[PDB]
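All remarks here apply to the structure that follows.
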Ligand SMILES: CCCCCCCCCCCCCCC(=O)OC(COC(=O)CCCCCCCCCCCC(C)C)COC(=O)CCCCCCCCCCCC(C)C
Ligand SMILES: CCCCCCCCCCCCCCC(=O)OC[C@H](COP(=O)(O)OCCN)OC(=O)CCCCCCCCCCCCCC
Ligand SMILES: CCCCCCCCCCCCCCCC(=O)OC[C@H](COP(=O)(O)OCCN)OC(=O)CCCCCCCCCCCCC
Ligand code: HEC
Ligand code: HEC
Ligand code: SF4
Ligand code: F3S
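Protein chains in written order, with PDB author numbering: chain A, 5 to 179; chain B, 2 to 55; chain C, 11 to 407; chain D, 810 to 956; chain E, 1 to 37; chain F, 32 to 56; chain G, 166 to 219; chain H, 16 to 464.
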């Protein structure tokens, strides 16, 4: 009930099927490949990924936090004359490295966690993997699944449209 | 679905949440222990050899 | 090509106007003209030296960007022999041509006899200690040797590329250029570092910086990359730049400009923190001169406009992919490079920000106009994007 | 200050806040002129040792005295490297005597007995300065002068 | 590209829960390290 | 699920308050 | 805390007098006046390391 | 020469690399057992050394009053510099779109993680009061005290900690697709669900790959400034000090170039045995070894340029201290380090210029070992020789290392190799994806000729 799986043999066949799809209006579909095809990707996944905005936001937040931390710690909370160095904003040298490191650290964590979260990655269980041959999908097997979310999705017609292409095995992936 | 039950999704998310809560709780317990009255011997009437009363 | 001729004409006009105002300044004061000329030569030299360095680096590491700008880099590198002739007036200043042409004292402190001779009226010992290395005959010989090495590498590489069009380009010629480039990159780095030390660091013999010269190479690289982006917008329509080009080379050059801007900032900050944190009297004066009498404002402007504004603007996929936006940033970076070098060279002589003469502005515009005119004359000698190249496949991806 | 053994002195670990140096510099060198110079912490207004200290164990004072706090020191040894006069001595091993009752009686109460892993340097006899400052303040308040 | 979870009743609730957890943690930490003494 | 997250947060809050009270007992 | 802000704790002598002394409502003004009168040094000096540690 | 030998299939790449891990425990090759036993014995030496260091103190080393920083800092810098090459391969080559990073990014990045793990112990071990390491880190305390933040050891704490976390997260993100292949081929219910939780139900698909590729590019972009900054900060501590040899402006870039140069020698030394022992000759070609040797030669020349700049600075200035620094380097009691340094990193790299020497596998191994020794000697020259003699002649003494710092050095080697052996036993040495993607890219290139 979740969708219909194509199980195409070669990435060129998957690309051709995806190109023949999206022309009949069959939106809300995905393709499963061992590696990024970069031709299937831009066909069905086109737009802003959303990671860079989080990366920029958290990197700037981290840099500002590091600078404010150094300022409050050593020029406001406890003012300590060390080597005659200034206690003002003219102490901006020897304050850059911590700012840079904090910015890089928070930007990297934002990138990684945002990639994991936006993909809804922590899903050990999925309606997929119910397909008998999806076990070999990470080792040389390519698939095309049209979700039930598609406005024009009916089990019989979707299966017949998939058979209009030549697939090794058309399956009905359920919940 | 191949090797995991349906509730594994919720279990994994709750495990991450509980791990973060446990780390925060451990930090809190350490801080409280090191700022406790028993550790620093505050408000504890130490018994004296001769029982002098101010 | 008509756009290229228009660029050549504009460069020629900038050159004649700049030389003419420089000549008027010379008549009022010869000393002011010579000090301005040293700064003008140092800023102008960056485009040819940068073009040679990028050409050799691209031969060593094949890239789509390298194939796209290879002919333009060759034309800029080819102007190096004429640049050597331009060094001759600076040589006259530090030789016995002083006491003539109106110069009260020699252009360089080491050149002055009293400072380097025992029993001299000033007799500064540190300058006297370096007298054999810092002497007019030795300085001229080393700069001339560097010019011969630069001219031979640039002319030989250009000749092999022209030969590539005629025949035997599948492995022959391309391998030969790659081999000459590999030995050349080591020679280029050593020659440029010593050229920077002799021309600029020797203005004040009391101060020396090991990182100096590497910073000039980063400054030269940013100036040439910004110049390449400005030229590419002008030659975007040229037929060979129509069926053989894509957004990918423009995007790669934009990423390189961003990397060079951050690299230059890192080298400048690294020198500042080491000198500031290690408060030794020997290295403190250079920073003191550049933070006094209004020089601090120029340093703040470089920190904000030269580094933060480009870094934020080029932090986006767009504004590097788009040629027009890359050109507007590239023109701004070139203006900032002129300000950065003025801050590096002018405080040695002016001593005050308001003391800057019209000649100081005139010499860089006039010399760089000559450079642009020669570059546009050379680039029309041969077709762009050499069709016969085993790397032409990177442009077709 | 602790007494290190001959083996520790052989390894150049002797702990002396004040040292006298003989330079023996003269023509001939078979009949040289002996020069004796006493060397102790210079209490530099701008101190390189303070700038390189990560935990801020060494910081300056309102009067101008360099302050070395043994409790704060984590033992990094960066400060000794950046001291030009090399007047800083580190407790590499437990030099102080803890098992001898007579030596314990000898130790002065005003100055702390340092443990292993802390740096030591001349403190301009801070205990004497602190006692004088406390006494002067006490006398001023009793008089009411606040001088 | 929409997030995978876009169009879900649970999205606002989970975001809210995460924010509330965070605020509670922050206040408690702040109290212990600043005001408990 | 939000309900389980809130329940865990409440349990953690109760534990933290008990620990805080134990310190000043 | 008190070496830095001594105007919230300073009293008009009589410190050994039975500690039945209660600080007045206008403790801030009296504390500032007593700090000025007794000549208590500012936090620039009272927070130095060799004040406590030696 | 090509970076991929022909005759490869997506199934073959999954089977070949997949077979190394997932082999039954009783079927472990004997060479692995021998190497792991040697590494474990050196780890026991490490444990004994650390225990006696904690019991007795930092006084068991050869450090003294003038030379407060001995072989501990030298080994710290050496280990932290080993990890630059793998970070370069993982990030800079990803940005540069170079196609030889696919077969060697996993092993090199694992080397970076393990080298950072080894080098992170030295800041705590050399500390003199090692249990008070947390004082450098900002932390809520009843004292109200703060780290100085103007010293370079405070910067070191932020650089190393950020470097370790970013390298670990980037390595784990790369492993997530590989874990998915392993769980599918595990063939045991308990072996599955261990790779599967790590995989996080990867279910590789479009709209997961698009975000994954963008995140990898962003992480690679952030890492390149990070690694340069880490080594520059590990150079700033010497540069910030007023010691004559230590305060050199060219230190930050020169140190970065030295780290890549030392790391590439270590990667060549360890990668060649792994390539020969398993059937990885197709994945790692002679062209990979030749290009890596050229990168090592390029960074070695920058190190030689750094030497030339230092010598020119010594001769240029009229300071007595720079001149005596040069004299002590050349004709001092520790001149052996300088002469060995000049031999190892200048004379040995000159054969690399010739193509035949780079092609020869034995020649590369001998040069890589000489470079690794020479880099250690360079750190020794920079630190110990400069510290030995200073402004005041009366405070001059010689540094003589003891046996315990050597014991720590071999112990760190043993820990490093133990971690490598467990990595190669449990996880795949070569990225399974990005290698079949490389095959896809190569086949497409053939179609467009
Ligand atoms: C003296 C201090 C030096 C500071 C160095 C600063 C430069 C390092 C920047 C990191 C890479 C960002 C790439 C963004 C990206 O992925 O761009 C894509 C296009 O994608 C987008 O449209 C936007 C992506 C979001 C970017 C947000 C980044 C967060 C903000 C940065 C916070 C920094 C910290 C310090 C607070 C295409 O662009 C690329 O990927 C090109 C990458 C080029 C690598 C540049 C290498 C830097 C070299 C200089 C480093 C010097 C040393 C001293 C650190
Ligand atoms: C090691 C530390 C510092 C690195 C400094 C340089 C910054 C590197 C990051 C910027 C990357 C720019 C974007 C990518 C690009 O345009 O280059 C890719 C280029 C072409 O690759 P194709 O697309 O054609 O694919 C071919 C294979 N399919 O690849 C290259 O050839 C690399 C370009 C040359 C790199 C120039 C850097 C030189 C570093 C100079 C250091 C000077 C030090 C002075 C002290
Ligand atoms: C101001 C002007 C600019 C001057 C710049 C001077 C400094 C330039 C240094 C460049 C060093 C390059 C070393 C040579 C690397 C090499 O051999 O290239 C190999 C490759 C891959 O290409 P392929 O497959 O072999 O063949 C291409 C033709 N088909 O190209 C590369 O550049 C990537 C290799 C890795 C780069 C190593 C250099 C990194 C230097 C870091 C140290 C920087 C010090 C600050
Ligand atoms: C000058 C900036 C300093 C520094 C570097 C330190 N202090 Fe103090 N200190 C004081 C008191 C009463 C204590 C005891 C705290 C307790 O018992 O809980 C301390 C303790 C410290 C420590 C802790 C040492 C340890 O091993 O735990 C440290 C690191 C420390 N101090 C550093 C009292 C004072 C002062 C009273 C006026 C002031 C001033 C200082 N200390 C100043 C400093
Ligand atoms: C408020 C009730 C205080 C508490 C809590 C502590 N101290 Fe204090 N201290 C206080 C005053 C009003 C003064 C007088 C300052 C002056 O300049 O006259 C002091 C002074 C000291 C001093 C002497 C200062 C000097 O310059 O020598 C010392 C050594 C001192 N205080 C120590 C000290 C310690 C160790 C404390 C914690 C146990 C402490 N004081 C608390 C007021 C208060
Ligand atoms: S320890 Fe050395 S550097 Fe520090 S104040 Fe004393 S003499 Fe100066
Ligand atoms: S660097 Fe600082 S940590 Fe101690 S040994 Fe020196 S005072």
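Heads up, the beta-carbon is just placed ideally off N, CA and C, and yes, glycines get one too.
Exercise for the section: Could you tell me whether the Cβ of residue 263 of chain H comes closer than 8 angstroms to any Cβ of chain D? Expected result: So, not an interface residue.
Practice task
Check whether the Cβ of residue 122 of chain A lies closer than 8 angstroms to any Cβ atom in chain E.
Solution key: With 8 angstroms as the cut-off, residue 122 of chain A counts as an interface residue toward chain E.
Problem - residue 246 of chain H CB to nearest heavy atom of ligand 5 below 7 angstroms - result: Flag unset: Cβ of residue 246 of chain H not near ligand 5.
Practice task
Mind listing the chain E neighbours of residue 49 of chain A? Cutoff is C-beta to C-beta under 7 angstroms, in chain order.
Solution key: Chain E residues near residue 49 of chain A: 1.
Practice task
From the DSSP output, read off the bridge partner residues of residue 877 of chain D.
Solution key: Bridge partners of residue 877 of chain D: D/867.
Practice task
Inspect the CB distances between the segment 116 to 134 of chain A and the segment 202 to 214 of chain G and report whether three or more fall short of 8 angstroms.
Solution key: Counting Cβ pairs under 8 angstroms, fewer than three are found: no touch.
Problem - Minimum Cβ-Cβ distance from residue 168 of chain A to chain H less than 8 angstroms - result: So, not an interface residue.
Exercise for the section: Return yes when at least one heavy atom of ligand 1 lies under 7 angstroms from the C-beta of residue 243 of chain H, else no. Expected result: True, at least one ligand heavy atom lies under 7 angstroms from that Cβ.
Practice task
Please confirm if the segment 302 to 318 of chain C is in contact with the segment 347 to 356 of chain C, defined as three or more CB-CB distances below 8 angstroms between the two stretches.
Solution key: Cβ pair count under 8 angstroms is three or more, so yes.
Practice task
Flag this pair as yes or no: are the beta carbons of residue 70 of chain A and residue 29 of chain A separated by less than 8 angstroms?
Solution key: No, the Cβ-Cβ distance between residue 70 of chain A and residue 29 of chain A is not below 8 angstroms.
Exercise for the section: Quick one: residues in its chain with C-beta nearer than 8 angstroms to the C-beta of residue 163 of chain A, no 5 flanking neighbours on either side, listed in chain order? Expected result: Closer than 8 angstroms at the Cβ level, and outside the excluded window around residue 163 of chain A, lie 8, 174 and 176.
Practice task
Name the two residues that bound the continuous beta strand (DSSP E) containing residue 175 of chain A.
Solution key: Here the beta strand (DSSP E) through residue 175 of chain A covers 175 to 177.
Exercise for the section: Please confirm if the segment 144 to 162 of chain H is in contact with the segment 184 to 195 of chain H, defined as three or more CB-CB distances below 8 angstroms between the two stretches. Expected result: Result no; under three Cβ-Cβ pairs closer than 8 angstroms.
Problem - Residues proximal to ligand 4 by C-beta, any heavy atom closer than 7 angstroms - result: With 7 angstroms as the limit between CB and the heavy atoms of ligand 4, the residues that fall short of it are A/82, A/84, D/865, D/866, D/868, D/876, D/878, D/880, D/881, G/168, G/211, G/212, G/213, G/214, G/216, G/217, G/218, H/157, H/158 and H/160.
Practice task
Report yes or no: is there a C-beta of chain B within less than 8 angstroms of the C-beta of residue 6 of chain A?
Solution key: The beta carbon of residue 6 of chain A sits no closer than 8 angstroms to any beta carbon of chain B.
Problem - residue 149 of chain C versus C/270, C/102 and C/64, residue with shortest Cα-Cα distance - result: Looking at the Cα atoms, C/102 is the closest of the given residues.
Handout entry: Members of the segment 127 to 140 of chain A near chain B, C-beta cut-off 8 angstroms
Key = Of all residues in the segment 127 to 140 of chain A, 127, 128, 129, 130, 131, 132, 133, 134, 138 and 139 have a Cβ within less than 8 angstroms of some Cβ in chain B.
Practice task
Give a yes or no on contact between the segment 372 to 391 of chain H and the segment 303 to 312 of chain H, applying the rule of three or more CB pairs nearer than 8 angstroms.
Solution key: Taking a cut-off of 8 angstroms on C-beta distances, the segment 372 to 391 of chain H touches the segment 303 to 312 of chain H, as three or more cross pairs fall below it.
Problem - Residue span of the alpha helix (DSSP H) that contains residue 133 of chain H, given as start and end - result: Run containing residue 133 of chain H: 120 to 134, per the alpha helix (DSSP H) assignment.
Problem - Residue ranges of each alpha helix (DSSP H) within the segment 106 to 167 of chain C, 4 or longer - result: DSSP runs (the alpha helix (DSSP H)) wholly in the segment 106 to 167 of chain C: 123 to 126 and 135 to 139.
Practice task
Classify residue 22 of chain H as buried or exposed, calling it buried when 16 or more other Cβ atoms lie within 10 Å of its own Cβ.
Solution key: Around the beta carbon of residue 22 of chain H, fewer than 16 other beta carbons sit within 10 angstroms, so the residue counts as exposed.
Handout entry: Assigned secondary structure, residue 841 of chain D (DSSP; H/G/I helix, E/B strand, else coil)
Key = Of the three classes helix, strand and coil, the one that applies to residue 841 of chain D here is coil, per DSSP.
Exercise for the section: Might you give, ordered along the chain, the residues of its own chain that have their beta carbon closer than 8 angstroms to the beta carbon of residue 142 of chain C, omitting 5 neighbours on each side? Expected result: Correct list, in chain order: 148.
Practice task
Take every Cβ of the segment 221 to 231 of chain H, pair it with every Cβ of the segment 279 to 299 of chain H, and state whether three or more of those distances are shorter than 8 angstroms.
Solution key: Verdict: no, contact absent.
Exercise for the section: Consider the Cβ of residue 36 of chain B: report whether some Cβ of chain E lies at a distance smaller than 8 angstroms. Expected result: For residue 36 of chain B, the closest Cβ of chain E is nearer than 8 angstroms.
Practice task
Could you tell me which residues DSSP puts in a beta bridge with residue 8 of chain A?
Solution key: Paired residues: A/150 and A/176.
Problem - Contact between the segment 921 to 929 of chain D and the segment 882 to 891 of chain D (3+ Cβ pairs under 8 angstroms) - result: Contact holds: three or more Cβ-Cβ distances are below 8 angstroms.
Problem - Cutoff 6 angstroms; reference residue 230 of chain C; Cβ partners in own chain excluding five residues on either side - result: For residue 230 of chain C, the CB contacts under 6 angstroms within the same chain, skipping 5 residues up- and downstream, are 56, 59 and 60 in chain order.
Practice task
Could you list the residues in the segment 253 to 279 of chain C with a C-beta less than 8 angstroms from some C-beta on chain A, going in chain order?
Solution key: Residues passing the 8 angstroms Cβ filter: 279.
Exercise for the section: Under 7 angstroms between beta-carbons, which chain C residues line up against residue 16 of chain H? List them in chain order, please. Expected result: Going along chain C, no residue has its Cβ under 7 angstroms from residue 16 of chain H, so there is no contact; the nearest lies around 12 angstroms.
Practice task
Scan the segment 206 to 248 of chain C and note each continuous alpha helix (DSSP H) run of 4 residues or more that stays entirely inside, going in chain order.
Solution key: Residue ranges of uninterrupted alpha helix (DSSP H) with 4 or more members, entirely inside the segment 206 to 248 of chain C and ordered along the chain, are 224 to 244.
Problem - the segment 90 to 110 of chain H in contact with the segment 239 to 253 of chain H per 3-pair CB rule at 8 angstroms - result: In the pairwise beta carbon analysis, the segment 90 to 110 of chain H is classified as touching the segment 239 to 253 of chain H: at least three pairs are separated by under 8 angstroms.
Exercise for the section: Name, in chain order, the residues that DSSP records as bridge partners for residue 830 of chain D. Expected result: Per DSSP, D/846.
Exercise for the section: Evaluate the contact criterion for the segment 34 to 49 of chain H versus the segment 319 to 328 of chain H: three or more CB pairs, one atom per stretch, below 8 angstroms. Expected result: No: the two stretches stay apart, fewer than three of their Cβ pairs being nearer than 8 angstroms.
Exercise for the section: Evaluate the contact criterion for the segment 415 to 427 of chain H versus the segment 45 to 64 of chain H: three or more CB pairs, one atom per stretch, below 8 angstroms. Expected result: Between the segment 415 to 427 of chain H and the segment 45 to 64 of chain H there are three or more C-beta pairs closer than 8 angstroms, enough to call the two in contact.
Problem - Positions along the segment 245 to 279 of chain H whose CB lies within less than 8 angstroms of some CB in chain C - result: Those residues of the segment 245 to 279 of chain H that come within reach of chain C (Cβ to Cβ, closer than 8 angstroms) are 247, 251, 254, 255, 256, 257, 262, 263, 264, 265, 266, 267 and 268.
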